Every structure is written in C-alpha cells, then in structure tokens.
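Lettering of chains follows the sequences in order, A, B, ..., and the numbering in each one begins at 1. Scope of the values below: all heavy atoms of this structure, side chains included, with no hydrogens, waters or symmetry mates.
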Amino acid sequence: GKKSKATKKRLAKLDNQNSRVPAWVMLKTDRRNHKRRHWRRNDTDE
Amino acid sequence: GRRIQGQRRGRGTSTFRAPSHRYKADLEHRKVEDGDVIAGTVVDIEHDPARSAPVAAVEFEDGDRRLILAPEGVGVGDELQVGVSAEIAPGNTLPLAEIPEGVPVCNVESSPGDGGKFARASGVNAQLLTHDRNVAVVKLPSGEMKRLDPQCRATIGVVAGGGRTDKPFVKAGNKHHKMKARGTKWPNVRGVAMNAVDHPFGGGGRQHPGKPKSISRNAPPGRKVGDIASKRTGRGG
Amino acid sequence: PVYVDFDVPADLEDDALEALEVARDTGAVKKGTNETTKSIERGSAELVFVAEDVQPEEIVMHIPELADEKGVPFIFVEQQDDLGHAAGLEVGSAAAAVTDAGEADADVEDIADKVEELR
Amino acid sequence: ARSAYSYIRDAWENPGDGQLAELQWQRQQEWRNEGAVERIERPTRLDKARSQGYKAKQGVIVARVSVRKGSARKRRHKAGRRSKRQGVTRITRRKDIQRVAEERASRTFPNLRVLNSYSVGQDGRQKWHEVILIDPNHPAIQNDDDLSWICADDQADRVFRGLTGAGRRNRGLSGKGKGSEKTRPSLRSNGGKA
RNA sequence: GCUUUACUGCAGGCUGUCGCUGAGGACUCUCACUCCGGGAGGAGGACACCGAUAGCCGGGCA
RNA sequence: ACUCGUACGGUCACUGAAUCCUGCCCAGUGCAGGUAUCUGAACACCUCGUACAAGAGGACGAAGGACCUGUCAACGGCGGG
RNA sequence: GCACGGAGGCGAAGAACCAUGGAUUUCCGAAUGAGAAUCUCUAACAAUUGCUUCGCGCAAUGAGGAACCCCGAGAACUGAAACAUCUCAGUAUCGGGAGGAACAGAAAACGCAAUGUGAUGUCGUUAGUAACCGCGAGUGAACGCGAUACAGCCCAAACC
Ligand SMILES: [Cl-]
Ligand SMILES: [Cl-]
Ligand SMILES: [Cl-]
Ligand SMILES: [K+]
Ligand SMILES: [Mg+2]
Ligand SMILES: [Mg+2]
Ligand SMILES: [Mg+2]
Ligand SMILES: [Mg+2]
Ligand SMILES: [Mg+2]
Ligand SMILES: [Mg+2]
Ligand SMILES: [Mg+2]
Ligand SMILES: [Mg+2]
Ligand SMILES: [Mg+2]
Ligand SMILES: [Mg+2]
Ligand SMILES: [Mg+2]
Ligand SMILES: [Mg+2]
Ligand SMILES: [Mg+2]
Ligand SMILES: [Mg+2]
Ligand SMILES: [Mg+2]
Ligand SMILES: [Mg+2]
Ligand SMILES: [Mg+2]
Ligand SMILES: [Mg+2]
Ligand SMILES: [Mg+2]
Ligand code: NA
Ligand code: NA
Ligand code: NA
Ligand code: NA
Ligand code: NA
Ligand code: NA
Ligand code: NA
Ligand code: NA
Ligand code: NA
Ligand code: NA
Ligand code: NA
Ligand SMILES: [Sr+2]
Ligand SMILES: [Sr+2]
Ligand SMILES: [Sr+2]
Ligand SMILES: [Sr+2]
Ligand SMILES: [Sr+2]
Ligand SMILES: [Sr+2]
Ligand SMILES: [Sr+2]
Ligand SMILES: [Sr+2]
Ligand SMILES: [Sr+2]
Ligand SMILES: [Sr+2]
C-alpha cells in the first residue's frame, strides 16, 4: 500500500495507544489496557 | 414477471451502448454560404468503425480537414466539389435541384441542410427520378418513392463497400467482432428458450410460444414481442 | 404600442414638451397616470401626454379611449423620462396632463389641432 | 373619481378580451423564452400588487414564475397495492400551482420572504404568477410601518410553512365556521383530514 | 413464484371531445406553436406536441 | 438508449451448418386491410322536465365490434364413418 | 483531576477551589479560493440573493438541536374471522421549514331562530350523539355550555 501523511499519522497514534498502563498507575490506584490491539489478530480502521 | 431484454435496452446501460468513444466522425455535408467555390482534395481513404465501409479524408480550400461519406470510385488526389454550381461527377455534392434526373445518389438530406439522412449504408444508393420547382422525387434503397425538397443536398454516385453482405460470416467469431463495433447486445437467446418469468413465450414442457405471435400495435412494452402488427406472415399466398 | 394608433413627428413632440415645460411655470399641470386619469374624468384637463415606453402597458392602455369619450385631446411622447423632465420631475412620468395652460394656450391649441388632423 | 388602478383591474377581469388579449398574445411569446424565475422591475398588474402590499421602495422585489400545467407527475407503485392505492393518472397534488410558484421564487431569493402573489395568465402548457418578495434586512423596510412585520424571526421561510395568503386558502382556512372543523388551527393538529 | 378468454383494477396504445387556438361537410390563409438552417431564411401550421376527459384494447403490471 | 447509425440499416421473433426438401387447412384464436348497412361514449346541439338545476329522451357518431377479405416458416389442426 | 506512585513543585506576592466576565482556541467539519478519506495547491463571503458608493463595499441564506410545531409525500402487515369499498391510517416512513414554543386569530361567523352569542387556541362536556358505511366490520364531528386566558388592530381605494 501507499500511505498518505494523514493515514500515517493515524497509524502512528494507534501504535502509541498500544502501549501498557504505566507501573505507577498501579501503585497509585492500588490496582489492564482495555485497548490492546494486535497487528495480526486485529484490524484497524481505513 | 421481470422486464424483458427489449426493456433493459432502453435504459441505455453500457451493455447496450455503441462504442461511441471509438467512433471516428459524423459524415454530414459541409455548410456553404453560396457560390459553390468550395473544393477539396481527397487526402486519404479510411475505415469507418461505425459502418464497416470506407470514408475519405478531404482537405478543403479554406483549410478545413474533414471526413466524408465516400461513394464508390473515390481515391487519394481526386478533387471534390460541394455547391450549387459543383460539377456533375461522382463524389461531388449539390442540391437535388441541380442534379440531372436518372442519376444514382447517396447521403440524401431529409430536410435541406441536415447533413444527409438517406442512403448511407454500404453499396447502396437513392435514384433521383423527377425534378420540379416544388418537389424532387427520389427512389430510396427500400424501393420507396420519397418526395423531397429540391433544395435537399446529396452526393452523386453509390456508397462505397457494395457487396459486403454477399459473403457469409461463416462463424460466430466473425459476427462477434462486428457486433462488438455496434450498439447491440449479441448473441441472441430465443424467447421460447427462457423461463415464463422472463418472456411472453417462456415456460412449458417443450419449447413453443403458448400464443399467437402476431401482436397488436397497441400492445404495451413488455408484451410487444414476436411479429409486430404483421400485415401477414409466412411465404404462401 | 398596442394603445398607440398613430406616430407623432419628433418635431411636433418637441413643441408639445416645450409647451408643457412653460405650462408648469405659468399654468397648471398634473404628474402621474392616476392624477392624469382623474383630470380627464373630472374634465379639468386640456391636453394629456402619454409616454410610449411604458412597461407594463396596462398602466396607460386606458388613457386613449377615456380621453375620446371625454373630448380631451391627447398626444404621445417617445420617452418616459423626457415627459417627466418636461413636467419638472426628477424622475420619469408615464403620463401627464396640462390642467389649464398658461401663456401656452396658443400652442396647446395648435398642438391639439395638429393632432386631430394627424388623425 | 375612479383610480387609474381600477382600469388595470377592470382589464384583468377578462384577460381574453380587448387590448389585454393582444398584450398577452405578445408577452407570452417572450415569457416562454425566459427562465423558471425572472426578476422584474415592475408588477404586470400594478393594482393587484399594491393591493397585496406592494410598494415602490427599496427591499421590494417582484419575480415572475412559470410552472407546468396539469395534475400530479406521479410514479406508479413498484410494490403491491390494493386497487384503491394503485391510481396514478387522475391523482392530483394537494398544493395548487400558485403555491408551488411562490416556493420556487423564495428558493431563488433565499434572503427574501414571500409577501404575496397573483396570476398573470397561462397558455396550454404552463401557468405564470408574479411574486412579491421583501428584503427583511434592508433598513428601508425595517422602518416601514406597513411591512416591518415581515422582519420578525418567526416570519422566516413563511412560505414553506403555508403562512402565505395562497398558503392559508389552500389549507382550507377561509371559512371561520362550518366546514373548517378540520382545518383550524392547522391541518396537522387535526390529524390531517382536512 | 408462475399462468390464463378467473374476479377486480392499474399502467400503456388507439380514437372522439374541450383548452392551447388566430384570420378569410368541404377549403384558403398566417400570427401563435413545431421542425430544418450558423444566419438570412425554409418546411409545416391552427394541425401536431402538451393539459383534461370519454370509448376501445389492455396478465405489460398489482 | 438505439445513433459519430439510415433499409447492404436495426429493431422484434422463429428455425438451427452444408445437401435434398418443406404437402393440405383461414372454420376458431391472433394480426392486418376494408366496410353500403347495423351497433358504438363524452362535449356541443334539439325536445320534455325544472322561473334554474338534477333527470328523461332524441339527433349526430370516432376507434372498436357485427360483416367481408388477406395471412400458417401465425397460434395451431390434418379424425370417426 | 479520575488515581491512595516516585521525584519534584506551587501557595501569606493569599494558591487550590467556586461565580462572573475576558484571553488563547491546531485540522477537518454548513465548510465558503481550488482540490483532498482530517491533507495539499496558488489571495478568496464558494454558491444564491438584496442594497449598491456597481468594488463582495454593506448585508442575507446554508448547518445543528430530545422531542414538541407548521407545510408537503405517503405504505403494508392487520381488522372485516376470505376479500375488492371500508379498516389498520393520514399511522410508519420520506421531502421542506420556523420557534422557544409553534399554528390560529378580530366574522362575507353562529343559526340553543333570538328582543340571543360575539377574534383564536386549549381543557371538561356536548357524545360514541348528528353524520358516514359490502347500512357489514368499523369510522365519527359541530353549535352550545362550564372553564383557562383575554386585546384588539394595520393596509388597498376614494380625497390630497
Ligand atoms: Cl449484422
Ligand atoms: Cl418566504
Ligand atoms: Cl349563541
Ligand atoms: K388493505
Ligand atoms: Mg514500539
Ligand atoms: Mg455522419
Ligand atoms: Mg459490446
Ligand atoms: Mg438464438
Ligand atoms: Mg429452461
Ligand atoms: Mg410473462
Ligand atoms: Mg419448437
Ligand atoms: Mg397610515
Ligand atoms: Mg395547536
Ligand atoms: Mg432541434
Ligand atoms: Mg398476477
Ligand atoms: Mg430448436
Ligand atoms: Mg437446440
Ligand atoms: Mg476546499
Ligand atoms: Mg381479513
Ligand atoms: Mg380512507
Ligand atoms: Mg362480512
Ligand atoms: Mg377516520
Ligand atoms: Mg355548528
Ligand atoms: Na490486521
Ligand atoms: Na427566500
Ligand atoms: Na414461491
Ligand atoms: Na383459421
Ligand atoms: Na475555549
Ligand atoms: Na456570508
Ligand atoms: Na459586490
Ligand atoms: Na381473518
Ligand atoms: Na387470505
Ligand atoms: Na364502506
Ligand atoms: Na343554555
Ligand atoms: Sr487473519
Ligand atoms: Sr447526423
Ligand atoms: Sr448537425
Ligand atoms: Sr412457452
Ligand atoms: Sr404455403
Ligand atoms: Sr424611472
Ligand atoms: Sr432558512
Ligand atoms: Sr439445414
Ligand atoms: Sr383467420
Ligand atoms: Sr375576549
């Protein structure tokens, strides 16, 4: 495929959202990333 | 039921359209103010996709290059004329009034100045019969006597490509190729061979129209199939 | 045009407007199709003018026949704005009536005559 | 005495006779070559316009509109219907042509509001109406004691809601008594049976 | 779903009539309107197209 | 749409290469043509009725039908004695 | 901030926090210079209008909103123990449009017929009455009365 600049920005975002909940959020909230996507198992928009 | 093929046609979808973007040009007579001082030279002979007949490219005095509905016997170099005074030779165009009776003509106008409507097919021709100050009588290819305005322009001679119909296609593949150059859906499936839902003649154990084929002129589209308002049928009598 | 049954010479028209121009400085004149219409109806009119470039024509179609059954003489003017200028208006005027001239009765008198003759 | 206006009026009582007959025969030729909505500097029927609220002032516009003559232009049912709902030919629409005309005019002049309209004839295949529209944003009108009412917010697009004279008549609102049980205060409020 | 001389209707076509629509059971004309022409102009013409209605046909469709 | 197409065209159908052939039937049904006479709606017209109107009847009568003709490589038929 | 971490910071120069008003407010979006799956290309009220100093100079429209409201388009399942008129229903759904509410509204009314009432909504009632209808199934008002709230005016023309 050929990605446009905008397409590329959205792909990047999705990639970033795919990171984990930082360790400290755990301690602070005294105890999951409900948006953990996989390139293979999932399918993004567009 | 479902609309029959004749009805699908009217929508003018791609399947039923002519390969227009592939067609060369409109072969209408040139427009002259008056005088007839219009002459050009046949610069080339070309094949016309839309009619399976040759057409001639002409270069006129004033610099107008245009394709023309060529009669039999026209070749490169030859000079053609178009006007009231134009000479009376094969390949020239002038109003019927100026044409001598008993002279085969082609690309005859229906209304003076339309550019030609009658006798344009391969090897055909109209026959100028009677002259007058009010009516020029022409005999068209179908054998019909047509009364026309003597002011209607035409081209002397018969259309090029005569005899085209004398040789058989021999095979489907040949029909195929010709059909692909026309606004026509081909091949043809018989009505009697379809389902009752697709045509008035469909249905039944064996194939056969379950009704007379001569249909009334007043029949609505969808029902007007078979022999339309036939005045008679068969070969007898 | 549908109400105009005769053409008035550019020169005759010239004399009339002039007569109308002095008619306002001296005598009395009416401006407007309505006021003109009432004068003819009241009979307080000597000569009425009717432009020929009136769109729509219904605004003045009645002037001709109304004047005839009232003996009041009438004359046509080519332009609408001229008639308005002659009547001393800053705008145009579809029709005008000279209600009792003034130091022009001599001409207005002749103008009427010249018209009758002009059929 | 009679107004000059009365004469225009009296002529239009029989548009088929007299001078008017000849004027129409001429005009319609030009009209037939005009568009669907042509703005005009002056009303063809002055008396009627003034009578309907017209005024020679800034913000007052008049436009002639033509519409195809006859009944509805309806498409036959593609799905099953009982004989009753199969009709196609003799069915007519519920809005009269004058109303269709007022709406087209108002669409052409989005910023203007329909004040009123009237007929100016027809031939065998179309009808013409002239429409008086007002510019609610022009100060010459915001100050007119006889027209400033049409400047209110609730008067916006009045024609599209039937607030016109032709609108109100066509909605069966003329009679104040017998026969208007299902028209007043609105067709919709009466279940749409009027 | 399909069929037809099943019942009842609806498109559609033919045909008469009224409006468009004018002048002098057959006729001429030109000015509306139509068509041909780049234009001038030519052809046709109160017909035709279109709106309305009436009779006939009408599994094409419900 | 067909159609930058014009009867050597293209639309609608039937049969299904070549070869040798393709009989009889137009009564019914279909299509088409004609039609003295018959039948055949509405508008306008006339009579009766109504101070008007509803309505009844009359005269005229288009396509259509009756009637006649053409037509089966048109639907189809080609038996019993 | 949700959010109870680590580090670090701010707050008596009165922070946090709350109310009111103001500042900032990327791109796409009615989306309006042209184009485009949120970007790009070379000065912009694009488009339709009114006014007009006739120059986009001054203005209007466009799109949104839970439903409510007004104007148009308008089914069928269903009921009638079938079904076609009828019914379901002017319902569902579709097109257009306004407001904080809409619409209606100062009699060419009513017609308890009168020596009577007196703009218009709406609520209660009048009443499943009158009326409609294969006179089947079903459909179905109004005047009046008791209430709520009340408010009446402006043009066209005549004459100027
Ligand atoms: Cl072929
Ligand atoms: Cl409006
Ligand atoms: Cl009362
Ligand atoms: K039903
Ligand atoms: Mg990573
Ligand atoms: Mg050509
Ligand atoms: Mg093809
Ligand atoms: Mg085949
Ligand atoms: Mg099969
Ligand atoms: Mg069938
Ligand atoms: Mg067979
Ligand atoms: Mg006043
Ligand atoms: Mg309400
Ligand atoms: Mg043309
Ligand atoms: Mg069926
Ligand atoms: Mg076979
Ligand atoms: Mg086979
Ligand atoms: Mg853009
Ligand atoms: Mg039932
Ligand atoms: Mg109903
Ligand atoms: Mg029953
Ligand atoms: Mg009901
Ligand atoms: Mg009542
Ligand atoms: Na994937
Ligand atoms: Na508007
Ligand atoms: Na089925
Ligand atoms: Na037979
Ligand atoms: Na903000
Ligand atoms: Na703007
Ligand atoms: Na501007
Ligand atoms: Na049942
Ligand atoms: Na059933
Ligand atoms: Na019923
Ligand atoms: Na009482
Ligand atoms: Sr996979
Ligand atoms: Sr051509
Ligand atoms: Sr041409
Ligand atoms: Sr069959
Ligand atoms: Sr034979
Ligand atoms: Sr002026
Ligand atoms: Sr709006
Ligand atoms: Sr064979
Ligand atoms: Sr026969
Ligand atoms: Sr009150």
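- In this structure G:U93 is not paired with G:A119, as neither the Watson-Crick nor the G-U wobble definition is met at both distances under 3.5 Å.
- Glycosidic conformation of G:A81: syn, with the torsion inside 90° of 0.
- Applying the 90° criterion around 0 to the glycosidic angle, F:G23 comes out anti.
- For G:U52 and G:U53, a centre-to-centre distance below 5.5 angstrom together with a plane angle below 30 degrees is not found for the six-membered base rings.
- Between B:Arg182 and B:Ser52, the side chains place a donor N or O and an acceptor N or O closer than 3.5 Å (distance only, hydrogens not considered).
- Taking the ring centre of D:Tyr7 as origin, the terminal cationic atom of D:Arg2 falls inside the region bounded by 6.0 Å and 45° from the ring axis.
- An aromatic stack links A:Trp24 and the base of G:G5, using centre distance under 5.5 Å and interplanar angle under 30°.
- Residue contacts shown for A:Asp30 include a base, since a base heavy atom lies under 4.0 Å away.
- Comparing G:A104 with G:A119, their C1' atoms are spaced 10 Å from each other, to the whole Å.
- A canonical Watson-Crick pair (purine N1 to pyrimidine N3 plus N6-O4 or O6-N4) or a G-U wobble (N1-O2 and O6-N3), each contact under 3.5 Å, is present between G:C145 and G:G124.
- OP1 or OP2 of E:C61 has not a single side-chain nitrogen or oxygen of B:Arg3 nearer than 4.0 Å.
- For F:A74, the OP1/OP2 oxygens have a side-chain nitrogen or oxygen of B:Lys213 closer than 4.0 Å.
- Between the CD atom of B:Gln5 and the P atom of F:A1 there is a distance of 19 Å, rounded to whole Å.
- By the Watson-Crick or G-U wobble test, with both distances required under 3.5 Å, E:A62 and E:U8 count as a base pair.
- Remark: the bases of F:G30 and F:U71 meet in a Watson-Crick or G-U wobble pair, both edge contacts within less than 3.5 Å.
- The shortest distance between side-chain heavy atoms of D:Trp31 and D:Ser66 does not fall below 4.5 Å.
- Contacts of residues 88-107 of chain D with RNA chain F (heavy atom under 4.0 Å): none.
- Nucleic acid contact for B:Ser110: none, since no nucleic acid atom lies under 4.0 Å from a heavy atom of the residue.
- Mapping B:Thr233 and B:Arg22 onto RNA chain F via the closest heavy atom, the residue that lands nearer the 5' end is B:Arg22.
- Taking atom P on both nucleotides, G:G55 is separated from G:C45 by 15 Å, rounded to a whole Å.
- With D:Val159 as reference, D:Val114 is the one residue of D:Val131, D:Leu133, D:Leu112, D:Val114 to meet the side-chain contact (heavy atoms from CB on, under 4.5 Å) rule.
- Atom P of E:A26 sits at a distance of 36 Å from the matching atom of E:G41, rounded to the whole Å.
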Polar atoms only, N or O, under 3.5 Å: list the protein pairs with nucleotides 75-86 of chain G and their distances.
residue : atom : partner : partner atom : Å
G:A75   : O2'  : D:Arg81 : NH2          : 3.3
G:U85   : OP1  : D:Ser83 : OG           : 2.6
G:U85   : OP1  : D:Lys84 : N            : 3.1
G:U85   : OP2  : D:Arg82 : NH1          : 3.0
G:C86   : OP2  : D:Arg82 : NH1          : 3.1

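- At the phosphate of G:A36, neither OP1 nor OP2 sits under 4.0 Å from any side-chain N or O atom of A:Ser4.
- An OP1 or OP2 oxygen of G:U52 is reached within less than 4.0 angstrom by a side-chain nitrogen or oxygen of D:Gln58.
- When the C1' atom is compared between G:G134 and G:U85, the two are found 7 Å apart, to the nearest whole Å.
- Considering only side-chain atoms of B:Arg17, the nucleotide from G:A158, G:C71, F:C2 that sits closest is F:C2.
- Here the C1' atom of nucleotide E:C49 and the CG atom of D:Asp123 are 12 Å apart, to the nearest Å.
- Base orientation of G:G121: anti, the glycosidic angle falling outside 90° of 0.
- For G:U129 and G:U139, the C1' atoms lie 15 Å apart once the distance is rounded to whole Å.
- As a whole-Å value, the separation of B:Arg2 CZ from E:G60 P is 16 Å.
- Nearer the 5' end of RNA chain F, as judged by each residue's closest nucleotide, is the contact made by B:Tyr23, out of B:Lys211 and B:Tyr23.
- A 4.5 Å side-chain heavy-atom check between D:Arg85 and D:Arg82 finds at least one atom pair inside the cut-off.
- Using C1' as the reference atom, E:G13 and F:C31 are 16 Å apart when rounded to the nearest Å.
- Anti is the classification of G:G5, since its glycosidic angle lies more than 90° from 0.
- Listed by residue number, the members of residues 221-230 of chain B with any heavy atom below 4.0 angstrom from RNA chain F are B:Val225, B:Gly226, B:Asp227, B:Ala229, B:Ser230.
- Within the 4.0 Å cut-off from OP1 or OP2 of G:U48, not a single side-chain nitrogen or oxygen of D:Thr108 is found.
- Under a 3.5 Å limit on both donor-acceptor distances, the bases of F:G23 and F:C78 meet the Watson-Crick or G-U wobble criterion.
- In textbook terms, a nucleotide whose glycosidic angle is within 90° of 0 is syn, while F:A73, being further out, is anti.
- Comparing the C1' positions of G:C153 and G:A106 gives a spacing of 8 Å, expressed to the nearest Å.
- Comparing G:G128 with G:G97, their P atoms are spaced 45 Å from each other, to the whole Å.
- The phosphate of F:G76 has OP1 or OP2 within less than 4.0 Å of a side-chain N or O from B:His208.
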